[PDB]
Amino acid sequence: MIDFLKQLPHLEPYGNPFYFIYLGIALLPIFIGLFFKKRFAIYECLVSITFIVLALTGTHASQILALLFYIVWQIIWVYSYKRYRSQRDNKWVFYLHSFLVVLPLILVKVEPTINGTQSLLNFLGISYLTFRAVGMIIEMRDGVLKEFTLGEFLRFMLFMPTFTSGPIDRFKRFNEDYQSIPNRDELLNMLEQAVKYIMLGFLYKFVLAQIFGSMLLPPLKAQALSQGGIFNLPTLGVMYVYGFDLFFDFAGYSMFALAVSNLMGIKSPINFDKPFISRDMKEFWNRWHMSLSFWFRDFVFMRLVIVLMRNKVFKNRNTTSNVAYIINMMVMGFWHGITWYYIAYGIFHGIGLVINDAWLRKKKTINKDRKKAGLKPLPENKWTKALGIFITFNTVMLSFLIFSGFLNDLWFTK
């Protein structure tokens, strides 16, 4: 049965330009359908299952079973909470259902720390699917979700264009978007945006990410390794080159994801908004991997701050804000993986954001110190702005060096 799945044809999602010929032909009925305000429920799941399967039919095609296990496991615990939430509503019950929904993801991440090998529950989109699943447990807890079909839950959680890595979505927003098919010219507007996003994605992924990733990055790493030491000039090279590579590869993907989604009628959340012109660390997270950041903001950060303010655990206003930042960004690090550098990447942006916030507080009190002592407000102009951008850009780029796990090669190969 595993050998059958391995024999099965394989197409990596947005792997080449010629992939879009298949998906284009395939989605064409769906898109034409939406102009007459109708969806083909059965055909939409068939074409979704095909492409999800084709994305998973690699040399480790056995993961399809891990996905099949996952859907069953999620149905159980989502419905378990749905059934419960009708009558009672308790803290710890919600915590248990949250833990259980994330437990396969926890097992996948934790495994190679113990084992040195992968979990059996591991399949491609697992890290991005889990957010959709827990999302419903959280939304039921807040009493903002009450009614849903198994069809509605399944369409959302295992949506085809955003499966592997694509933008994180929330149920209420996805469902309403799917529920009301956009009108004729708004739909044509999405076609225009889809054909735009594919053109850009082509440049971003197959041109630019190619130059940075496969052309410049490999010899730069090779050289940096020969040089040795805890840092060298070629290591400053990999820092920028990888940074841009990470951005272009992921942003290009995200655009493809958004484009395919558009052809499927719904408009998934965006991931990037000119992240490098950000003057602020605070601003950066409003521009970088937005769907992930905006999720973690509302579901991990915001929720944690209330708990530390309900219980008034810390002395002042700012420590509860600081602890929430460091925990939230560290959990995000753990989400990437349980290796030293992902956790480092986490704590980095943690203390990065507290430093950033402490400065904004200090700048406001220095301005009041000046205004009351006679002096004019501290200067804010094109060069202070640029300086901010410059500091931010390099903080961000250094973090991507940590994130790349290249510092593991340079320091610890031995």
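Start at 1 with the first residue shown and count on from there.
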When mean C-alpha B-factors in the record are compared for 395-403 and 5-13, the larger belongs to 5-13
Per the PDB entry, mean CA B-factor is higher for 265-273 or 310-318, namely for 310-318
Entry record, C-alpha B-factors for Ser278, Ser80, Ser291, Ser214; the maximum is at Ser214
Highest CA B factor of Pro104, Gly125, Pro167, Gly116, as deposited, is found at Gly116
Sorting the chain's modelled residues by C-alpha B-factor and splitting them into thirds places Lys282 in the lowest
Quick tally, chain-level thirds of C-alpha B-factors: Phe20 sits in the middle
Temperature factor at the Cα of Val207, chain-ranked in thirds, falls in the lowest
The third of the chain into which the C-alpha temperature factor of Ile42 falls is the middle
Of the three thirds of the chain ranked by Cα temperature factor, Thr50 occupies the lowest
